[PDB]
Amino acid sequence: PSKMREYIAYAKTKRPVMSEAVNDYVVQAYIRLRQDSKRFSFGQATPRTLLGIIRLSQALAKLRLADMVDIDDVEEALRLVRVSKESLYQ
Amino acid sequence: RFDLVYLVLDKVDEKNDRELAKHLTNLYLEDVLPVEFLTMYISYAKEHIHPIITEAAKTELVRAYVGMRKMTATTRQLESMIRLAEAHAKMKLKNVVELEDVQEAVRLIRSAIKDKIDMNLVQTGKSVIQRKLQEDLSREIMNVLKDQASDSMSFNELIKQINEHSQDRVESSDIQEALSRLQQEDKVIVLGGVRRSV
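Residues numbered from 1 in each chain as written, not as in the entry; some residues may be left out. Chains lettered and ligands numbered in written order. Part of a larger assembly, values for the part shown. Heavy atoms only, no water. Residues with missing side-chain atoms left out of burial classes, pairs and counts.

Method of determination, as given in the entry header: cryo-EM; reported resolution: 3.7 Å.

The name given to chain B in the PDB entry is DNA replication licensing factor MCM4, with Saccharomyces cerevisiae as the source organism.

In the annotation of the PDB entry, chain A is listed under the name DNA replication licensing factor MCM7 and assigned to Saccharomyces cerevisiae.

So this is what it looks like as structure tokens:
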């Protein structure tokens, strides 16, 4: 835990910035997530979930220590959300 | 009592959302907007500007309220139009209310309400139903007074006439409403669970 804390305090301050393929890609998921939310509980794709995918992808980018990161990252942020919804159903 | 009510709603709609998502993420990309001067502009407008109705505004305020009454408009709509048309003259700092300001005050209200005013949570297609339920109690008790050895029946046997085959499914709360308004008209007596004909 001490080495984990020491990693995180350093990982936080890097505040990664957007790369163009991230903003291009994230809409291509978000639109489909809206389109499937059109089609059973309350779990619809609000803009809070777009902001959420952004903040989650930022938290994964921090952990890998870079100024910015490719969408090999973003695809995992979408998996935490997708697994959460499948966990609401089961 | 509210001057305006907005349904702030949209569907899932790609031809909007393709823009909105691409707008929302547009904020993260870099290291006309009176960003403070607007609240100062508002403050100075509130300090300095005090509109008045012109005779050329009056003829339209009446005519539009008549049009909405012909179309469905309580006098609270006219009070809302008067105060909005003042604010839409205080905006532009104009100090004088005119036809060109009044027409936005309407168009904003039409965009709010049209986008009968549902008082008492009533609707025309539900108040006719309450009157049919009042008739349903009248007939249902008279025919039992004819065929059964009483003018009274247990509320269980009232739900087991009224709810089972008379009409599309009417819950006990609507029966109690119609029956209470019929106590006020004095055509049945409620005792304690017990109900008896006049």
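A few words now on the overall build of chain A. Secondary structure summary: chain A contains four helices and zero strands in total. Each of the three principal axes of chain A carries a C-alpha extent, and together these read 45 × 30 × 20 Å. Burial status across chain A gives 31% buried among its 90 residues. Accessible surface computed for chain A: about 6,600 Å², of which carbon and sulfur atoms make up 55%. Positive and negative side-chain charges of chain A, numbering 16 and 11 respectively, have mean locations separated by a distance of 8 Å. (Helix = DSSP H or I, 4+ residues; strand = E, 2+ residues; numbered from the N terminus. Buried < 20%, exposed > 50% of the residue type's maximum accessible area, 1.4 Å probe, protein only. Areas by Shrake-Rupley, 256 points an atom, 1.4 Å probe, with all protein chains shown as cover. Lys, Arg positive; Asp, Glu negative; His and termini not counted. Charge placed at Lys NZ, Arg CZ, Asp CG, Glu CD.)

This brings us to the environment of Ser84(A). Residue and element names in this part refer to chain A. Tracing the backbone shows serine 84 in helix α4 (residues 74-89). When its relative accessible area of 41% is taken as the criterion, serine 84 is described as partly exposed. Residues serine 84 and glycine 43, 41 residues apart in the sequence, show an inter-C-alpha distance of 9.8 Å.

Attention now moves to the interface of chain B and chain A. Taken together, the contact between chain B and chain A spans 12 residues of the former and 13 residues of the latter. Together chain B and chain A conceal approximately 1,200 Å² of surface at their shared face, both sides included; 75% is due to carbon and sulfur atoms. Among the residues chain B hides against chain A, the three largest losses belong to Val12(B), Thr25(B) and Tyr28(B). Together they make up 46% of the total. Linking chain B to chain A there are one salt bridge. (Contact = heavy atoms within 4.5 Å. Buried area = accessible area lost by both parts, 1.4 Å probe. Salt bridge = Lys/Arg side-chain N within 4 Å of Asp/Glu carboxyl O.)

Paired through backbone hydrogen bonds, the strands of a sheet run either parallel or antiparallel to each other. Residue and element names in this part refer to chain B. The strand order across the open sheet formed by three strands is β1-β3-β2, and the pairing between neighbours is antiparallel. Each end of this open sheet is capped by a strand with a single partner; those strands are β1 (152-154) and β2 (188-191). Put simply, the sheet's adjacent strands are angled 20° from each other on average, direction ignored. Bridge analysis of β1 against strand β3 (residues 194-197) gives three bridges, and the strand direction is antiparallel. In the strand pairing of β3, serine 152 is matched with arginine 196. (Pairing = 2+ DSSP bridges. Axes fitted to C-alpha atoms, helices over the stretch in contact; angles between N-to-C directions.)

Residue and element names in this part refer to chain A. Evaluated as defined, the whole model comprises two aromatic pairs over all chains. When the centroid spacing of 4.9 Å and the interplanar angle of 20° are considered together, the rings of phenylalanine 40 and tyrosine 89 count as stacked. Of the two residues, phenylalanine 40 sits in the loop between α2 (20-37) and α3 (47-63) while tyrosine 89 sits in helix α4, which places them 49 residues apart along the sequence. Under the relative-accessibility criterion, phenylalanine 40 is labelled exposed at 75%. Seen from the ring of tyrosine 10, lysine 14 lies directly overhead, with NZ or CZ sitting 3.6 Å from the centre. (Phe/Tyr/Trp six-rings, centres within 6.5 Å; stacked < 30°, edge-to-face > 60°. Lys NZ or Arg CZ within 6 Å of the ring centre and 35° of its normal.)

The next subject is the nonpolar core. Counting 17 residues, the largest nonpolar core has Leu50(A) and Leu78(A) as its most contacted members. With seven residues, the top contributor of residues to this core is α2(A). Those residues within four positions of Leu50(A) in sequence are excluded, and the remaining contacts are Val26(A), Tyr30(A), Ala21(B), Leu24(B) and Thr25(B). Counting 14 residues, the second largest nonpolar core, distinct from the first, contains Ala57(B), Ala64(B), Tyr65(B) and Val97(B). (Core = buried A, V, L, I, M, F, W, Y, C linked by side-chain atoms within 4.5 Å.)

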